[PDB]
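Please read the structure below before turning to the comments.
Nothing fancy with the numbering, it's 1 onward along the sequence. Atoms within each ligand, like the ligands themselves, are counted from 1 in listed order. Just the heavy atoms: all of them, side chains too, but no hydrogens, waters or symmetry mates, feed the values below.
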Amino acid sequence: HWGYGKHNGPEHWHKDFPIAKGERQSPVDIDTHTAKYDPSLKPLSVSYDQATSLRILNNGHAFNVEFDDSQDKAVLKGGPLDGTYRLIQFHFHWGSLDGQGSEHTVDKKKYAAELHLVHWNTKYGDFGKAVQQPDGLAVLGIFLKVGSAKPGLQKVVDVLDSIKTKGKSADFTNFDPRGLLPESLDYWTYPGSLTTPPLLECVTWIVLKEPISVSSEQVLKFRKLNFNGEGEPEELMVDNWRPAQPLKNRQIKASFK
Ligand SMILES: NS(=O)(=O)c1ccc(NS(=O)(=O)CCNC(=O)Nc2ccccc2)cc1
Ligand SMILES: NS(=O)(=O)c1ccc(NS(=O)(=O)CCNC(=O)Nc2ccccc2)cc1
Ligand SMILES: [Zn+2]
């Protein structure tokens, strides 16, 4: 099956998921000189006060913090979006080295990691239906640079020892995802896809301009995770990012000047 290795990585995915060569694939490079300010874009509305985190899972590709999405508890609205999108999970993509790891790039710059807060459009009833729709998902992407620690990330960092290997999960209640946001909600937006198989073209991407900073010790602990299951050959979970894909017939819009 698919992965990030030399024999099963992004250059192989099209063989089982031909949409990998489609018209609206993600991530992309964000050319800040070609993205156009759109005054019709509204401020984003991030309403996470009632968020209910439940569990953290190592799925062999990343780790997902999962939320209760059976009511409007943690929702994203506004910006480019029509309607209400519920947070179902967040996860990250990161590098083996501080100079790489993000999926989106900004003027070809790679960040150390990238956080994806994944939301689905409530008009489609459930996440599985939503991924089949061109406006089914909204993923809020946030870049991570290495610098000062991010206090709101530490609870995530600290549980990773309990989910080192593929298939391990741990209770992860009462986590507040607002602690992962930067100060500014200025963003770029474009239509795209899931960045992992099945690569479905169902995502409105909203990528924040302002990165968050995490410490070297925090990102080092991401890199101690394992892609493999317990008892299999140890392979460090690093470089779990897809590189930028062709923008094709798409425009990236900026919420700011
Ligand atoms: N019940 S919950 O606690 O709120 C919950 C449940 C699962 C997750 N995991 S996930 O976010 O990675 C989404 C996993 N993908 C699907 O579930 N796909 C799907 C869904 C319906 C039909 C066909 C396919 C997170 C929270
Ligand atoms: N990197 S990204 O573009 O933000 C991105 C990439 C993928 C997803 N999909 S996901 O949430 O479901 C996590 C993957 N897990 C499954 O698909 N599980 C599953 C599968 C079949 C049936 C039931 C469950 C979301 C965001
Ligand atoms: Zn992702």
Side-chain angles (χ1 to χ4, degrees), residues 1-4 9-10 13 16-17 19-20 22 24-28 48 50-76 85-95 101-105 110-122 124-144 156 163 166-175 177 180 189-208 222 225 227 237 239-245:
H1 271 57
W2 72 268
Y4 296 93
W13 294 352
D16 286 282
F17 303 95
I19 203 176
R24 56 173 285 186
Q25 290 288 299
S26 295
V28 296
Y48 295 166
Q50 294 296 104
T52 297
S53 65
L54 294 173
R55 190 185 66 171
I56 189 169
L57 173 66
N58 179 336
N59 62 20
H61 305 294
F63 62 83
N64 295 340
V65 174
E66 296 169 350
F67 288 79
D68 180 7
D69 62 350
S70 67
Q71 287 177 291
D72 289 346
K73 287 181 174 179
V75 297
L76 180 65
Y85 290 67
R86 288 180 184 169
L87 178 65
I88 183 172
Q89 58 111 321
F90 67 81
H91 60 275
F92 304 79
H93 301 271
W94 61 92
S102 66
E103 288 192 330
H104 294 86
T105 56
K110 294 182 173 78
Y111 287 89
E114 179 173 344
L115 166 61
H116 289 165
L117 290 147
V118 179
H119 307 78
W120 58 273
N121 188 334
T122 59
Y124 298 127
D126 68 54
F127 179 82
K129 291 289 189 64
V131 299
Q132 314 179 46
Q133 311 307 322
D135 60 350
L137 275 28
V139 182
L140 180 62
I142 300 175
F143 298 115
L144 277 65
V156 174
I163 60 162
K166 176 179 53 195
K168 290 189 175 298
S169 64
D171 291 339
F172 197 76
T173 53
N174 301 116
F175 179 79
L180 297 176
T189 184
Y190 77 97
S193 69
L194 303 179
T195 66
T196 59
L199 298 168
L200 294 172
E201 289 178 342
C202 62
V203 179
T204 299
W205 278 94
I206 299 169
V207 178
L208 295 185
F222 292 186
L225 290 169
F227 290 123
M237 183 177 283
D239 288 329
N240 60 348
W241 52 274
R242 190 190 191 185
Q245 301 300 311

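Judged by distance alone, the side chain of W205 and the main-chain N or O of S193 form a donor-acceptor pair under 3.5 Å. Put simply, the side chain of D72 never gets that close to the backbone of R86: no donor and acceptor are under 3.5 Å apart. Judged purely by atom type and a 3.5 angstrom limit, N59 uses its side chain to pair as donor or acceptor with the backbone of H61.
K129 pairs by the salt bridge (charged side-chain N to carboxylate O under 4.0 Å, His left out) definition with nothing, not counting sequence neighbours.
Those atoms of ligand 1 that come under 4.0 Å of a heavy atom in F67, given as number and element, are 2 (S), 3 (O), 4 (O), 26 (C). Every atom of ligand 1 with a heavy atom of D68 under 4.0 Å away is listed here by number and element: 4 (O).
For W2 and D16, the side-chain atoms include no donor-acceptor pair closer than 3.5 Å.
A ring-centre distance under 6.0 Å is not found for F63 and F172. Taking the six-membered ring for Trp, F92 and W241 have ring centres at least 6.0 Å apart.
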For each nitrogen or oxygen atom of ligand 2, which protein N/O atoms lie closer than 3.5 Å, and how far apart are they, rounded to 0.1 Å?
{"from": "ligand 2", "atom 1": "1 (N)", "to": "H91", "atom 2": "NE2", "distance (Å)": "3.3"}
{"from": "ligand 2", "atom 1": "1 (N)", "to": "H93", "atom 2": "NE2", "distance (Å)": "3.3"}
{"from": "ligand 2", "atom 1": "1 (N)", "to": "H116", "atom 2": "ND1", "distance (Å)": "3.4"}
{"from": "ligand 2", "atom 1": "1 (N)", "to": "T195", "atom 2": "OG1", "distance (Å)": "2.8"}
{"from": "ligand 2", "atom 1": "3 (O)", "to": "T195", "atom 2": "N", "distance (Å)": "2.9"}
{"from": "ligand 2", "atom 1": "4 (O)", "to": "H116", "atom 2": "ND1", "distance (Å)": "3.4"}
{"from": "ligand 2", "atom 1": "11 (O)", "to": "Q89", "atom 2": "NE2", "distance (Å)": "3.0"}

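For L54, no nitrogen or oxygen atom sits less than 3.5 Å from a nitrogen or oxygen atom of ligand 1, counting backbone and side chain alike. On a distance-only criterion, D69 and ligand 1 share at least one N/O pair closer than 3.5 Å.
Among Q71, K73, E66, the one residue that satisfies the side-chain hydrogen bond (donor to acceptor under 3.5 Å, both in side chains) test with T52 is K73.
Excluding water, every protein N/O/S atom under 2.8 Å from the Zn ion (ligand 3) is given here by residue and atom: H91 NE2, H93 NE2, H116 ND1.
With values rounded to the nearest 0.5 angstrom, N240 atom CG is found 5.0 Å from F227 atom CZ. Separation of atoms CD (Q89) and CG (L57) is listed at 9.5 Å; rounding is to 0.5 Å.
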List, one per line, each side-chain donor-acceptor pair under 3.5 Å for residues 110-119, sequence neighbours excluded.
{"from": "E114", "atom 1": "OE1", "to": "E103", "atom 2": "N", "distance (Å)": "2.8"}
{"from": "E114", "atom 1": "OE1", "to": "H104", "atom 2": "N", "distance (Å)": "2.8"}
{"from": "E114", "atom 1": "OE2", "to": "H104", "atom 2": "ND1", "distance (Å)": "2.8"}
{"from": "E114", "atom 1": "OE2", "to": "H116", "atom 2": "NE2", "distance (Å)": "2.7"}
{"from": "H116", "atom 1": "ND1", "to": "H91", "atom 2": "NE2", "distance (Å)": "3.4"}
{"from": "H116", "atom 1": "ND1", "to": "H93", "atom 2": "NE2", "distance (Å)": "3.1"}
{"from": "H119", "atom 1": "ND1", "to": "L117", "atom 2": "O", "distance (Å)": "3.0"}
{"from": "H119", "atom 1": "ND1", "to": "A138", "atom 2": "O", "distance (Å)": "3.1"}
{"from": "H119", "atom 1": "NE2", "to": "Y48", "atom 2": "OH", "distance (Å)": "2.7"}

